[PDB]
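Structural overview for review
Chain residues, written in single-letter form:
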Number of protein chains: 2
Amino acid sequence: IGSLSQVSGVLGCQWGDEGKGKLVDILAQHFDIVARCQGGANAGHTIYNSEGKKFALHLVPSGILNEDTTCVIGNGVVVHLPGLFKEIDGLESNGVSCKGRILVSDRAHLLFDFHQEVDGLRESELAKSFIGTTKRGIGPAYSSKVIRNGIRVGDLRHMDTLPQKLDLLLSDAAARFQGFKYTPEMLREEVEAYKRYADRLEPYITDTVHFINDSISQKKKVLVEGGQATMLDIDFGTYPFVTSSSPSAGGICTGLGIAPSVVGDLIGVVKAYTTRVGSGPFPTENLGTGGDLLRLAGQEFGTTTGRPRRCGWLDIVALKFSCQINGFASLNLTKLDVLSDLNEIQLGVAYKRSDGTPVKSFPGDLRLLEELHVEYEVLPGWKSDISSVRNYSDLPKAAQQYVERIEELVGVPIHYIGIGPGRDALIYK
Amino acid sequence: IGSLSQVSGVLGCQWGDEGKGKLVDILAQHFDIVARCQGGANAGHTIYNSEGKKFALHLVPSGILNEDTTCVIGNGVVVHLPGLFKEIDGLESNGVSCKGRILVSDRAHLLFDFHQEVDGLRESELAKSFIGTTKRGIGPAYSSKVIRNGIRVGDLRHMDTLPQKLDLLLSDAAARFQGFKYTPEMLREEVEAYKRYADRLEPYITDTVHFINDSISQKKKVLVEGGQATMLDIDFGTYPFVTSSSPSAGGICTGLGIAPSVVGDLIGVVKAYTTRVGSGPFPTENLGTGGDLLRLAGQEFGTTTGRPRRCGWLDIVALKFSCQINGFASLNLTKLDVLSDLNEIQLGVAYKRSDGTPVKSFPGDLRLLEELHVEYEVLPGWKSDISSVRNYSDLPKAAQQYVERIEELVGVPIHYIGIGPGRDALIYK
Ligand SMILES: Nc1nc2c(ncn2[C@@H]2O[C@H](COP(=O)(O)OP(=O)(O)O)[C@@H](O)[C@H]2O)c(=O)[nH]1
Ligand SMILES: Nc1nc2c(ncn2[C@@H]2O[C@H](COP(=O)(O)OP(=O)(O)O)[C@@H](O)[C@H]2O)c(=O)[nH]1
């Protein structure tokens, strides 16, 4: 743990809910800075302190629980101020003092209220391939960024031109969707509202790129927190069933201003099995007993909705893919304890076409991904409670073998084994 | 030169026309693969072969002149098929055989004809300050990618659904801009057109991610080609006066599927001074005779338009910035020969606010970037022709000192010095 590189990172290997939050929180004990690089409020990093208090971070980096840690919100992120403050409010009321510990990049883009209303207006137009995003507005935010008419955090320091920028964004949104209720009164609404936010955010705004780099040359330890998993990447994911950001290792560079040569060891958080929140390709998805079971044992339900999340077996093909894309040094096999009630465990060892020809690497073509079939391997499951095991060799032999099997197949070793939602529930290897 | 890492790369440090094309063409001799990772057709890499023929690449990687080199168009790119073929056509008629040498990623997005018409509709609609783009539609291309409704290269293998995707994109475009002439006839137009493109492009389409990665473990040499310069990066540039892609080192990872730990030595192409094609923040801009002379000796005029480009002194503040963002190993100081007529050469050494407070690092705030003033340094120029100098020590002492000074202020060594547009006009150090 203390042998990690000066600039380490934590990324997701599957489809989003691996359990990075827990890891970052545990790792932040030996890191000066914890910085998020991509995504937005769409997250939901759940952590439990030393006592057992349930903290569900969204924008604020998971390392916010460590008092001697400076949290940085990078440039690749899309901050929604109303929500950011609300998160800070309820964070300080629960103990953690966020004063001068949350550095918000001035190059990061502002996700506005209209961005959220606009995202949803497009959902009622989608066919059977609708996204799972409940009007969050991540797409529209990055849309504006790329178009180059979006507003950034540093733009809040020029309240004179802010209403001018606002008009355009709102004009674009009104011209597009007829359902968008746009009035000259609503323009003045967010202008006054964001003015208060601008005054409030002021102390927070800082040059992230400069800070990170300066800190790095100052020998300060930096732990980058992966927004989501790579299979949700805008490029390497299961397009179009992905997020608009870059959960990949590249997003650390583009989202923080760090050179590739500066990025150190990356730990890929892999769940003992797999899950997927929205719709789309899922090769190892189980729609029966084992599926309903993994969901209950892992409590794989929406936190805000309670909607059942798709469950399946650890996809080895999809995992080797994420391993090469990010070049992970180590892996964090989470939710191992979920497999404690399994008689026999399965692994998605290979892909093969309808016709029989083996599939090379994880394909980008959604169709081929929904046509092919998986070749499983069955490992003997241990049937004993393990949420109390602290050492490695104390683990049931069947469990050890499962871990060791994933390593043999993937090539990347596992140094972290999660066996419970607890902060202390982690087996080092 | 042969000491370069297995996976090298060449990126731009200023605002676009540094001279990478020349360099990649020169470096391609010792590389098995040359791959573009970001941007689109907006490029204009000019190169001269052994004889003196002027080749102006756009989409095809600059290493296309080397017969034993397989060019790869990564996934971060936005290919406009009509233009790509037109380029391949006029390329093969000029000698170079592109058969089985241009590998087009299946995960790359397709820049459509409507994307170009749409892009131009937003500039004429806007009042006052524009962008200065030739209406190539790079922005809208990435817009759709982010929105996740954009069509990719691999989607051409499913002609049955292709017309469905088209309708959405065109619907989005028509709903937004009233000026967009959309008819059910123009839909079928591009459908039949792109069917032909699909059949023709078929041989080219390959899994870029897999190819690159597999090739790399096979010990094949890969030279990544930087689209443009980092000061034009969507994040680290001078927003909103930047491109929609990531010309940064990160773009190599997100645009190719290469892990940061895999990316080797990056070479930063720096002009002996600075230029800027469009409008926007340009600290070192010289509106006097100094810029006039600088422009003429450098031939800084649009190739397609003939428009005069903004000229200035080598910005050290902007250069150190790009150097930390990409973490360059070496630099390629280009167009040195342009300063051969200069009595004295200046360097933008520091930034200072209106009140006097020093501006730490390169700022993101465009306003601050247009308010601050630059503190220059004046070095004695050599007044001799050097376009024929082959060895380093053969260069006038004043020239050597200029080179060594840039290395002292920046911290990154210069191993390549350009003294002419020629293929052979490069001094190694
Ligand atoms: N049962 C169990 N829960 C775990 C384990 N590791 C983490 N968790 C919990 O699983 C949930 C996954 O974390 P979440 O915040 O949703 O994932 P994130 O996407 O990385 O933010 C959290 O409630 C964790 O405390 C484990 O080994 N077993
Ligand atoms: N005088 C002079 N011209 C150069 C030198 N290096 C490159 N050039 C010219 O300027 C161009 C530089 O940018 P260009 O190729 O248009 O695109 P890039 O890919 O952004 O470099 C070259 O193609 C040459 O014609 C140099 O050392 N001296």
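Residues numbered from 1 in each chain as written, not as in the entry; some residues may be left out. Chains lettered and ligands numbered in written order. Heavy atoms only, no water.

Regarding how it was determined, this PDB entry cites X-ray crystallography in its header, along with a resolution of 2.9 Å.

**Section: the sheet that holds strand β14 (residues 310–313) of chain A**
All names here are of chain A. Ordered in space as β12-β14-β13, the three strands form an open sheet in which the pairing is antiparallel. For this open sheet the edge positions go to β12 (273–276) and β13 (285–286), each flanked by a neighbour on one side alone. Sheet topology note: the β13/β14 ladder contains two bridges and is antiparallel. Bridge pairing links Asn 286 to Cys 311 in β14. In the packing of helix α9 (residues 289–297) onto the sheet, contacts are made with β12, β13 and β14, and the angle to β14 comes to roughly 110°. (Pairing = 2+ DSSP bridges. Helix = DSSP H or I, 4+ residues; strand = E, 2+ residues; numbered from the N terminus. Contact = heavy atoms within 4.5 Å. Axes fitted to C-alpha atoms, helices over the stretch in contact; angles between N-to-C directions.)

**Here we look at the site of ligand 2**
Residue and element names in this part refer to chain B. Contacts to ligand 2 come from 17 residues, most closely from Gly 16, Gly 19, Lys 20, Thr 46 and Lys 335. The backbone of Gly 418 places a nitrogen or oxygen atom 3.3 Å from an oxygen atom of ligand 2. With the chains in place, 90% of the 570 Å² that ligand 2 exposes on its own is no longer accessible. Taken domain by domain, the makeup of the shell around ligand 2 includes at least three residues from each of domain 1 (5–105 + 205–269) and domain 3 (270–429). (Near = heavy atom within 4 Å. Polar contact = N/O pair within 3.5 Å; in protein donor to acceptor, adjacent residues only side chain to side chain. Areas by Shrake-Rupley, 256 points an atom, 1.4 Å probe, with all protein chains shown as cover. Domains from an automatic or database assignment.)

**Focus on the relation of the copies chain B and chain A**
Of the transformation superimposing chain B on chain A, the axial component is 0.0 Å and the angular component is 179°, with the fit at an RMSD of 0.3 Å. Viewed as a symmetry operation, the transformation between the two copies matches a two-fold axis. The fraction of interface residues of chain B whose copies in chain A are also interface residues reaches 95%, indicating that both copies meet through the same surface. (Least-squares fit on C-alpha atoms.)

**Quick look at the domain arrangement of chain A**
Residues and elements named next belong to chain A. Here chain A is partitioned into domain 1 (5–105 + 205–269), domain 2 (106–204) and domain 3 (270–429). Centre-to-centre, using C-alpha coordinates, domain 1 lies 23 Å away from domain 3. Contacts between the two partners involve 33 residues from domain 1 and, on the opposite side, 36 residues from domain 3. Of the roughly 2900 Å² buried between domain 1 and domain 3 on both sides combined, carbon and sulfur atoms contribute 60%. The interface formed by domain 1 and domain 3 contains two salt bridges. Close ionic contact of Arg 309 with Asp 17 constitutes a salt bridge, the shortest N to O distance being 3.8 Å. Of all the secondary structure elements, the ones that give two or more residues to the side of domain 1 that touches domain 3 are α1 (20–27) and β11 (266–271). Residue contributions to the side of domain 1 that touches domain 3 peak at five residues, all from α1. (Buried area = accessible area lost by both parts, 1.4 Å probe. Salt bridge = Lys/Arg side-chain N within 4 Å of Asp/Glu carboxyl O.)

**Section: the packing of aromatic side chains**
For the structure shown, the criterion picks out 19 aromatic pairs over all chains. Relative to A:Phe362, the ring of A:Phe321 lies with its centre 5.2 Å away and its plane at 45°, an arrangement referred to as tilted. Of the two residues, A:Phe321 is situated in helix α10 (residues 316–326) and A:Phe362 in the loop between β16 (344–352) and α11 (366–371); the sequence distance between them amounts to 41 residues. The two residues A:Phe321 and A:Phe362 agree in class, both being buried. Clustering of aromatic rings is evident, with ring pairs tying together B:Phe85, B:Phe112, B:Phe114, B:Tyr194, B:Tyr197 and B:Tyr204. Over the ring of A:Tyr273 we find A:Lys271; its NZ or CZ atom is 5.4 Å from the centre of that ring. Taking NZ or CZ as reference, B:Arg176 lies 4.2 Å from the ring centre of B:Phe177, over its face. (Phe/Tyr/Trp six-rings, centres within 6.5 Å; stacked < 30°, edge-to-face > 60°. Buried < 20%, exposed > 50% of the residue type's maximum accessible area, 1.4 Å probe, protein only. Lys NZ or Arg CZ within 6 Å of the ring centre and 35° of its normal.)

**So, the interface of chain B and chain A**
In this complex, chain B contributes 62 residues to the contact, which on the side of chain A involves 64 residues. Each partner contributes to the roughly 5200 Å² buried at the junction of chain B and chain A, and carbon and sulfur atoms together form 51% of this total. The largest share of the area that chain B buries against chain A comes from B:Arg148, B:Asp235 and B:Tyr239, three residues that together contribute 16% of it. Linking chain B with chain A are six salt bridges, by the criterion used here. Note that A:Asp160 is salt-bridged to B:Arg367, the shortest N-O span being 3.5 Å. At the surface where chain B touches chain A, the tally comes to 27 residue pairs in polar contact.

**Things to note about helix α6 (residues 184–201) of chain B**
All names here are of chain B. Between its terminal C-alpha atoms α6 stretches 26 Å, which fits the 26 Å expected from 18 residues at 1.5 Å a residue. Within α6 the residues assigned to the buried category are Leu 187, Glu 190, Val 191, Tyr 194, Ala 198 and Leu 201. Angular distribution of buried residues about the axis of α6 spans 110°; they occupy a single face of the element. Exposed side chains of α6 directed beyond 90 degrees from the buried face belong to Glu 185, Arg 188 and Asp 199. For α6, the elements touching its buried residues are α2 (81–92), β7 (102–105), β8 (109–110), α3 (113–125), α5 (162–176) and β9 (205–206). (Expected span 1.5 Å × (residues − 1). Arc of directions from axis to C-beta.)

**Things to note about the packing of helix α4 (residues 138–147) of chain A against helix α4 (residues 138–147) of chain B**
It is the contact of α4(A) with α4(B), at a shortest axis distance of 8 Å, that shows an interaxial angle of 165°. Considering the angle they form, α4(A) stands roughly antiparallel to α4(B). Crossing of α4(A) against α4(B): the hand is right-handed. Facing α4(A), whose interface residues are A:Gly139, A:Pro140, A:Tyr142, A:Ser143, A:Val146 and A:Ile147, α4(B) presents B:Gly139, B:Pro140, B:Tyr142, B:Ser143, B:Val146 and B:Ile147. Taken together, the residues of the contact of α4(A) with α4(B) break down into eight nonpolar, four polar and no charged. (Parallel < 35°, antiparallel > 145°, perpendicular 65-115°, else oblique. Left-handed = near helix turned anticlockwise from the far one by under 90°. Nonpolar A, V, L, I, M, F, W, Y, C, P; charged D, E, K, R; others polar.)

**Describing the site of ligand 1**
Residues and elements named next belong to chain A. Of all residues adjacent to ligand 1, which total 16 residues, the nearest are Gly 16, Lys 20, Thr 46, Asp 337 and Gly 420. Here an oxygen atom of ligand 1 sits 3.0 Å away from a polar atom, N or O, in the side chain of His 45. Taking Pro 421, its main chain carries an N or O atom lying 3.4 Å from an oxygen atom of ligand 1. Looking at the shell around ligand 1, the elements with two or more residues in it are α1 and β3 (45–48). For the shell around ligand 1, the per-class residue count stands at three nonpolar, eight polar and five charged.

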